[PDB]
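As structure tokens, the structure follows; a few thoughts come after it.
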Amino acid sequence: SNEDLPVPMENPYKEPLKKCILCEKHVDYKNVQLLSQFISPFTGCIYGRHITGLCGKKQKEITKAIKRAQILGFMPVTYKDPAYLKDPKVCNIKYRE
Amino acid sequence: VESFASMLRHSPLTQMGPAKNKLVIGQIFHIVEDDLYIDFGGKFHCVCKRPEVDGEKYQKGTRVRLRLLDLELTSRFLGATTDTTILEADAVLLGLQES
Amino acid sequence: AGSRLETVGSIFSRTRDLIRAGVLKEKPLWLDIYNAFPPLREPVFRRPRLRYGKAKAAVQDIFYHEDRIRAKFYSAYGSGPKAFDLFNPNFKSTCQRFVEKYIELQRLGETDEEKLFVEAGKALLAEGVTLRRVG
Amino acid sequence: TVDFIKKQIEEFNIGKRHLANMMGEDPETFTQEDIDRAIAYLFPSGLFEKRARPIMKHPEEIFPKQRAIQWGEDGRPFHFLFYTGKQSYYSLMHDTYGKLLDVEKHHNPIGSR
Amino acid sequence: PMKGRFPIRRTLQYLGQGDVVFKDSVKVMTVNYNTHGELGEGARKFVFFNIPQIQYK
Amino acid sequence: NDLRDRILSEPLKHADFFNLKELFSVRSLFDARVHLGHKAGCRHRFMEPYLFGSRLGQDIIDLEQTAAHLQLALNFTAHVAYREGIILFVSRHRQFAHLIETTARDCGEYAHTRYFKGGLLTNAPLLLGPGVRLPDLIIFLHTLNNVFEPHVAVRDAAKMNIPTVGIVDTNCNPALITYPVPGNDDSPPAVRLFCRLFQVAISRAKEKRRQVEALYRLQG
Amino acid sequence: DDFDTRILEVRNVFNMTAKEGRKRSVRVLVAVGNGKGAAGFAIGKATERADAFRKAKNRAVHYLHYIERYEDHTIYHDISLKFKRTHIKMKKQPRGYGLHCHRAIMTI
RNA sequence: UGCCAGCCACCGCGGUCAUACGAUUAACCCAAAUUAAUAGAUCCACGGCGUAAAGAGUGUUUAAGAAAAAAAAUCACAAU
Ligand SMILES: [Mg+2]
Ligand SMILES: [Mg+2]
Ligand SMILES: [Mg+2]
Ligand SMILES: [Mg+2]
Ligand SMILES: [Mg+2]
Ligand SMILES: [Mg+2]
Ligand SMILES: [Mg+2]
Ligand SMILES: [Mg+2]
Ligand SMILES: [Mg+2]
Ligand SMILES: [Mg+2]
Ligand SMILES: [Mg+2]
Ligand SMILES: [Mg+2]
Ligand SMILES: [Mg+2]
Ligand SMILES: [Mg+2]
Ligand SMILES: [Zn+2]
């Protein structure tokens, strides 16, 4: 009969979950600009999660997409297409200090 | 008589809710040269560094404005049973008891 | 001597019983006082075992419906413009006022959130508090 | 060990008189300076280590200081810091820190070592 | 005995103690029991405790 | 002989004899912040009963239980003081060191707030002196050492048949302590509160002792 | 004067000392009790065995258990107890049946 | 006597001062028997299986068994 006790409700102050930069985006092997965004400019490397900062599924998605874009040849392997070097940079790498 | 549960339900520490980005009022009870130890009343004191603006204005007994980050500093670490306490809370300095 | 075994049982046990065996010829002070007013649980030694598998704790988290409102308040305005004091036992924040207004507009029988929330906001506007209105 | 200090200081004075009367000086103005000359002439030890040479001195310089009785006859200890095992140290510490605290509330190369 | 979950029924004492003896007419006895149901529950126990008493005697 | 037995056994028949009921409240403990614990992460497993519940990750003691416990603790403390026996406060906690000595010195009680030499209570006669009396009651204002293990003195008091009255915190282990008080050890309002309370219980026991001695002297 | 002591196990124990080569210690495990139900045991160790007998004596008075006896002879009820690779089992007898035990346990 | 002659059921004893050999001297224990040998009675595991002896390279089924309720959801994607 104690009406001042606590309630067994869920947490109202719960913070909304964070989102990969692509969460519910659509990764296609067709936009090479997008895939260029996640590749090292000098190498043609594919950045890891710890750089790109993507969900699991979106990393995997991006990777496969890239490889497809390479064999089908919309995108080259060993360097970032120069056209796209001047575009917005997503990743956390600092090369030049 | 008040039941404890009632005292809890109506307290400010409850009313505040989550600790992040709260605007709090606090008091300086101890000083080392650059460092000012501030009880905002929560459990543990936080620590601050005396700002460049009006250095000598902040003294023992002074009251202060705080932006409370975390009610206390804790984390669990590799191969630990219990998490590790700093015995302080994380806060930032805004202005001094702006009146 | 006596019994130094910290695991065996409570000090009460050991002491009472060693006297019972007439080894300890002098009844100690705290002993008699203890007999008079014993504590809730005997001070007996327990290994602090870890929990495995499916075992969780018995603690009940602490929440009120007031909080389900406050969530929305902080969702709109943020922490109150008046700041806070944990020294002052009676302190009411912007938040708490909002909760009260909302409780009274709940006793006014309005089930729609928009009406409850906004009109409570109008009550606090009439009280001269500054509602920042952050998206 | 205190009974030893009482006794020893008594016999020290009686032997002091006894020294003056044989050495033929006024027992009043007799100094340690005179004590030394006296024994040095009576028991002339050539010895290199100077502590092993004969001594008659006031027992206080002879014997080490003692730690006094630390508890009443009830078993109950006088100083409140006794259970620290160094009371002597931590008393200095308590006092020093107290001095400091009071200074903080109040305040709002001579060859010295 | 240690193994078994109701080891008391692998005793000799538990065997002698069960009391049913059968008339001279009984030859065969057929227990048909069921695994799953609440209404089976008793029957099962009978198999698990009493059947080994019966037989012994 | 008779009347001494009278003087010692008389106070046991009265649950209130030192009248400590009025020395605090649940409101009092509430403004001394006692109801705050550590994060639920750092909680000990043996506090699970004494707790009330988790408010957004921070654990909260049950103040009703705090009062029930503390009452019994203070009562105990008092009945020992009246019976003229040693009381040793202990804490390692630095913030409060001064307080606890300053408290204890004023009670005619002893503190040990310092590094705690190892064989101290266990090997007494070697450490302290040729023969010695040991604390009748040990009272912890923190149950820990600055390395966050249980203070030796707990194991040791418990080892020596000394009773123990101390403030457990959400992380601390209560189980070897004779009379616990669940409550916040960390906030200075709380330390101060507990200090002055044990202080007062002591003082009242001592006064009442003196009084009943004077009455004993008139009756003779 | 009420406490009897018995030596349970005397054993020659060795160590490796850079200086001395082997180094020989003696360790005795000893029990004490008054017959009235309180008893205990301790270990003690020293270079000279005499010394060690002494050591175990004194240390053993420091750990006493009270052992509760039914009608002042038997135990109360049967005890089956596994302790570290050793199993102990003991049945509660009636009066004419004296002490049937491992020689150590008889002594204790 | 001196790693020799020899002894021991197991551990072991004899390499110069052997209470272990051979012989004295005292003792011990059995005793019309006493030792030695060889067969028995007795003696494993209702204990175990990461490091000790022991979970088979893998799955399915037969034979044989064991059974309250819940017990197919999806690839974060590299079976074949
Ligand atoms: Mg030869
Ligand atoms: Mg010879
Ligand atoms: Mg032989
Ligand atoms: Mg021979
Ligand atoms: Mg024959
Ligand atoms: Mg067997
Ligand atoms: Mg295992
Ligand atoms: Mg193997
Ligand atoms: Mg084999
Ligand atoms: Mg396998
Ligand atoms: Mg197979
Ligand atoms: Mg193989
Ligand atoms: Mg089948
Ligand atoms: Mg099953
Ligand atoms: Zn995502």
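The chains in the structure tokens are called A, B, ... from first to last as shown; in each chain the residues are counted from 1, and the ligands are counted from 1 in the order shown.
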At a cut-off of 12 Å and counting only C-alpha atoms (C1' of nucleotides) and all ligand atoms, what residues surround ligand 1? Please answer as an MDAnalysis selection string.
chainID H and resid 2:5 15
Would you mind exporting C-alpha atoms (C1' of nucleotides) of the selected residues as a PDB file, in the first residue's frame?
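Now in selection_39.pdb:
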ATOM      1  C1'   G H   2      86.909 -53.329   5.161  1.00  0.00           C
ATOM      2  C1'   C H   3      81.886 -52.334  -1.464  1.00  0.00           C
ATOM      3  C1'   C H   4      85.574 -58.136   0.475  1.00  0.00           C
ATOM      4  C1'   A H   5      83.208 -62.308   2.941  1.00  0.00           C
ATOM      5  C1'   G H  15      84.773 -48.245   0.606  1.00  0.00           C
TER       6        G H  15
END
Do me a favour and pick out the residues of chain A within 10 Å of chain F, using only C-alpha atoms, as a ChimeraX atom specification.
/A:6,11,13-14
Take the residues from that selection and put them in a file with C-alpha atoms, as a PDB file, in the first residue's frame.
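So the final result, stored in part_16.pdb, reads:
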ATOM      1  CA  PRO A   6       9.465   2.822  -7.335  1.00  0.00           C
ATOM      2  CA  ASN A  11      14.478   3.447 -18.912  1.00  0.00           C
ATOM      3  CA  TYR A  13      16.337   8.473 -20.338  1.00  0.00           C
ATOM      4  CA  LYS A  14      17.759   5.827 -22.657  1.00  0.00           C
TER       5      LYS A  14
END
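Our summary of the geometry notes that CA of residue 7 in chain F is positioned 26.6 Å from CA of residue 17 in chain C.
Here the question is which of A:59, A:37, A:1, A:31 gets nearest to ligand 15 using only C-alpha atoms and all ligand atoms, and that residue is A:59.
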Please return as a ChimeraX atom specification: the residues of chain B that backbone DSSP assigns to strand (DSSP E or B).
/B:22-31,35-39,46-49,63-70,74-75,84-85,89-93
Calculate how many Å separate atom 1 (Zn, counted along the ligand's line) of ligand 15 from CA of residue 16 in chain A, rounding to one decimal.
13.2 Å
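Residues in contact with residue 45 in chain G at 8 Å, where only C-alpha atoms (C1' of nucleotides) are counted and same-chain residues fewer than 5 positions away are skipped, are listed as residues 25, 26, 27, 28, 51, 52, 55 and 56 of chain G.
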Coordinates-based distance that separates CA of residue 32 in chain F from CA of residue 190 in chain F (Å, one decimal):
4.9 Å
Show me which bits of chain F are within 7 Å of chain C, counting only C-alpha atoms, as a VMD selection string.
chain F and resid 12 48 53 to 55 72 79 to 80 158 to 161 163 175 to 179
Residues within 12 Å of ligand 7 should be enumerated using only C-alpha atoms (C1' of nucleotides) and all ligand atoms and returned as a list in words.
residues 48, 49, 50, 51 and 52 of chain H
Write out as a count of residues only the residues lying within 6 Å of range 15-19 of chain E, counting only C-alpha atoms (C1' of nucleotides) and excluding same-chain residues fewer than 2 positions away.
3
Contact check, chain D to chain B, at most 12 Å, counting only C-alpha atoms, closest pairs as a Markdown table:
| residue | atom | partner | partner_atom | distance |
| --- | --- | --- | --- | --- |
| D:101 | CA | B:30 | CA | 11.2 |
| D:104 | CA | B:60 | CA | 9.6 |
| D:105 | CA | B:60 | CA | 9.5 |
| D:107 | CA | B:60 | CA | 11.2 |
| D:108 | CA | B:60 | CA | 8.3 |
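Look at residue 88 in chain A: the protein and nucleic acid residues within 12 Å of it, using only C-alpha atoms (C1' of nucleotides) and passing over chain neighbours fewer than 3 places away, are residues 33, 34, 36, 37, 38, 83, 84, 85 and 91 of chain A.
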Test item: residues lying within 10 Å of ligand 13 with only C-alpha atoms (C1' of nucleotides) and all ligand atoms, as number ranges by chain:
H: 62-65
Please identify all polymer residues within 10 Å of range 1-6 of chain E, counting only C-alpha atoms (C1' of nucleotides), omitting same-chain residues fewer than 3 positions from it, and present them as number ranges by chain.
E: 9-11, 48-49; H: 46
Listing only residues of chain H within 9 Å of ligand 6, what is the closest atom pair and its distance in Å (to one decimal) for each, using only C-alpha atoms (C1' of nucleotides) and all ligand atoms, sorted by chain and residue number ascending, as a Markdown table?
| residue | atom | partner | partner_atom_place_in_ligand_line | distance |
| --- | --- | --- | --- | --- |
| H:43 | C1' | ligand 6 | 1 (Mg) | 8.2 |
| H:44 | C1' | ligand 6 | 1 (Mg) | 7.1 |
| H:45 | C1' | ligand 6 | 1 (Mg) | 8.6 |
Would you save the residues from that selection as a PDB file, in the first residue's frame, using N, CA and C atoms (P, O5', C5', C4', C3', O3' and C1' of nucleotides)?
ATOM      1  P     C H  43      37.695 -58.576  -0.189  1.00  0.00           P
ATOM      2  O5'   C H  43      38.828 -57.703  -0.899  1.00  0.00           O
ATOM      3  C5'   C H  43      39.561 -56.731  -0.165  1.00  0.00           C
ATOM      4  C4'   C H  43      40.848 -56.347  -0.860  1.00  0.00           C
ATOM      5  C3'   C H  43      40.734 -55.934  -2.319  1.00  0.00           C
ATOM      6  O3'   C H  43      40.329 -54.584  -2.462  1.00  0.00           O
ATOM      7  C1'   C H  43      42.559 -57.432  -2.037  1.00  0.00           C
ATOM      8  P     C H  44      38.798 -54.249  -2.805  1.00  0.00           P
ATOM      9  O5'   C H  44      38.614 -54.916  -4.234  1.00  0.00           O
ATOM     10  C5'   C H  44      38.483 -54.118  -5.394  1.00  0.00           C
ATOM     11  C4'   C H  44      39.588 -53.097  -5.519  1.00  0.00           C
ATOM     12  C3'   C H  44      39.128 -51.812  -6.193  1.00  0.00           C
ATOM     13  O3'   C H  44      39.846 -50.658  -5.738  1.00  0.00           O
ATOM     14  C1'   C H  44      40.618 -53.021  -7.630  1.00  0.00           C
ATOM     15  P     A H  45      39.239 -49.172  -5.972  1.00  0.00           P
ATOM     16  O5'   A H  45      37.900 -49.393  -6.814  1.00  0.00           O
ATOM     17  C5'   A H  45      36.759 -48.575  -6.582  1.00  0.00           C
ATOM     18  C4'   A H  45      35.732 -48.683  -7.683  1.00  0.00           C
ATOM     19  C3'   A H  45      35.236 -50.091  -8.031  1.00  0.00           C
ATOM     20  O3'   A H  45      33.884 -49.999  -8.476  1.00  0.00           O
ATOM     21  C1'   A H  45      36.110 -49.082  -9.948  1.00  0.00           C
TER      22        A H  45
END
Spatial neighbours of residue 93 in chain D, max dist 12 Å, only C-alpha atoms (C1' of nucleotides), sep filter under 5 positions, as a PyMOL selection string
(chain D and resi 81+86-88+98-100) or (chain F and resi 97-98+101+113-114)
Output the contact residues of chain H with respect to chain A at a cut-off of 12 Å, based on only C-alpha atoms (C1' of nucleotides), as a PyMOL selection string.
chain H and resi 75-78
Output the contact residues of chain F with respect to chain B at a cut-off of 7 Å, based on only C-alpha atoms, as an MDAnalysis selection string.
chainID F and resid 36 41:42 56 63:64 186:187
Could you take the residues named above and write them with C-alpha atoms, as a PDB file, in the first residue's frame?
ATOM      1  CA  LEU F  36      24.478   7.372  -1.850  1.00  0.00           C
ATOM      2  CA  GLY F  41      29.742  -1.669 -11.421  1.00  0.00           C
ATOM      3  CA  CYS F  42      31.780  -1.279  -8.244  1.00  0.00           C
ATOM      4  CA  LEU F  56      20.703   5.514 -13.252  1.00  0.00           C
ATOM      5  CA  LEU F  63      18.110   4.557   5.060  1.00  0.00           C
ATOM      6  CA  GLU F  64      15.543   2.735   7.160  1.00  0.00           C
ATOM      7  CA  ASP F 186      33.037   9.119   0.901  1.00  0.00           C
ATOM      8  CA  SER F 187      31.143  12.429   1.212  1.00  0.00           C
TER       9      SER F 187
END
Site check for ligand 4: residues at most 10 Å away, only C-alpha atoms (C1' of nucleotides) and all ligand atoms, as a ChimeraX atom specification:
/H:7,18-23
